[PDB]
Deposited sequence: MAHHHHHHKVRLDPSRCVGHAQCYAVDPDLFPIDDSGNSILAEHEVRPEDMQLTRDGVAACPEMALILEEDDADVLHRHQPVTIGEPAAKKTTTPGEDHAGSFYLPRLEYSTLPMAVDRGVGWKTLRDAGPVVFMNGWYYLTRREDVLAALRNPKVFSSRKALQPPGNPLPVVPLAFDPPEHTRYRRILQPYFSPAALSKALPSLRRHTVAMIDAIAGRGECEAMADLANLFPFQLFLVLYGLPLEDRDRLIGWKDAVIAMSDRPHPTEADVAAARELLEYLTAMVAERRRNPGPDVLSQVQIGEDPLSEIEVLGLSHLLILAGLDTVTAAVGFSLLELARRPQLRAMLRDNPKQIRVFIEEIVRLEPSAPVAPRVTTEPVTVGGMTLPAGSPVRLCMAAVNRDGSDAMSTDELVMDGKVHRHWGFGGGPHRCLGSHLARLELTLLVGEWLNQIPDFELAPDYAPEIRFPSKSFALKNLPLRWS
């Protein structure tokens, strides 16, 4: 018994991509810099800190924190294809509409690699996590730019270009940076909840979730608040047309009007820079060009808003069904954060990441030729059952869980800190003013499937 070995924890710097989940477990044990990346220095773990240290190590989706036995001494020194049968499924008949767990289980069980409708889906954690970390082989640039001259900054870039974009942009998107915005975001969120509360009922998607992200976006980036509904309209049309081989005249015009609006905004920020993000990325040691900030602005609008909308809906749905959970969470920011992580783990708004391979690669004993289109199944991995943080159930055990709902590897969601901030604000201020509410009768929650959204079609709520 009494040979109790002590432990040390260290950071593998090549694995950290700044998820900052470790910091959420304990900010003093797991410090981060102004870009949201761990600055933990290797050290002996105090016996009283062992459980929180294990929790932080368990929270990192890149496995970048390593706990090892502190056992160095004078003797023990520490040095400083086989598969030819391709499974095929039809995407559109996966059982997704009612229960994502049943849907991803159907896909997972067909095999490590499943061909559906032109794409190779990688369904298994080993392959997905490895592929996310291997941008040389699994390229984002080859997959994620429409043949559109406006660069999709930073989504459609590989290292080293991608690395520069992340170095430049992460200081503006970190927990430290966004904390300065929180009084503003909280004030606007309180106002939105107050508009809802006095009604006694809503259809939460159309009435709140569809509006809340763009409202806060305008506040964050200093855009005119009266432009919200025009901008939502443009966003909705440009999202809808991305799937269309032959966009309508209304589609083309919507895209043109959004481009013209953002072009004028970006040019004005370059002429008269203020203490805002879109101004400041355009000056300093390594400036972004106007076209780069324009591409970034389009990406934030088209990818950072409907994702939060969808997560709002799932958050309110689950609270509506669970009265005792509502009561625990109210005025409980630490457990609200636990809850929001479970919602993103179980109902990630972008459940797969597309890539194109640059060289042959063997996955599941199967070799995929160079140039293969590949979808990495984050959502399925989040539910693969391989540990207690990976079930199909909502798990409220007081701990921050690792998951891949915000992606992983270098493209890990740039807005992940913001998404968590907005979702925890919403849940907290909803429960503050609307502690008890229920689903309207005869409601069955479903997503629209197959489609470009994994969000609830609607969410009818009622209260007194």
Discussion item. As a test: can you identify every run of the deposited sequence that has no C-alpha position in this structure, in order?
Written reply: 1, 82-99, 167
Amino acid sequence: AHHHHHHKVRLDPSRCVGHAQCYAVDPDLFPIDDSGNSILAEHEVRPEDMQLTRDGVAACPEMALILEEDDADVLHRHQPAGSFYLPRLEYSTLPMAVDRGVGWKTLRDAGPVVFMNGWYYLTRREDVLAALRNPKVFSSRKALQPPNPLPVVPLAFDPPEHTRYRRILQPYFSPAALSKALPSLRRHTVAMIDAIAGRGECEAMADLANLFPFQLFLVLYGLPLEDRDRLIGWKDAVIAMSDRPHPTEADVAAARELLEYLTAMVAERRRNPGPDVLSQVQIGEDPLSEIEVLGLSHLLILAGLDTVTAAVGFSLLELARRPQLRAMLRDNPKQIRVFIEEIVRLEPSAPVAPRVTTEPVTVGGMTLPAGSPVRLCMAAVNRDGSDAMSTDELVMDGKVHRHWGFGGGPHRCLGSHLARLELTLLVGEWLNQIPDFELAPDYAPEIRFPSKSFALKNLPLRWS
From here on, numbers count along this sequence of modelled residues.
Response to the item:
Mean B factor on CA atoms, stretches 261-269 and 347-355, record says higher is 261-269
Discussion item. Per the record, averaged over C-alpha atoms, which has the higher B-factor: 248-256 or 287-295?
Written reply: 248-256
Worksheet, complete the sentence: Of the residues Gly405, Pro435, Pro61, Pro31, the one whose Cα carries the largest B-factor in the deposited record is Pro31
Discussion item. Sorting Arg187, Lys105, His78, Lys136 by Cα temperature factor from the record, which one lands on top?
Written reply: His78
Worksheet item: According to the PDB entry, is the CA B factor of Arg383 in the bottom, middle or top third of its chain, that is, lowest, middle or highest?
Response: lowest
Worksheet item: C-alpha B factor of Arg100, ranked within the chain: lowest, middle or highest third?
Response: lowest
Worksheet entry | Where the record places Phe454 (Cα B-factor, split into thirds across the chain) | middle
Worksheet item: Going by what the PDB entry lists, where does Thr424 fall on CA B-factor within its chain: lowest, middle or highest third?
Response: lowest
Discussion item. Quick check for you: using the entry's CA B-factors within this chain, is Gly409 in the lowest, middle or highest third?
Written reply: lowest
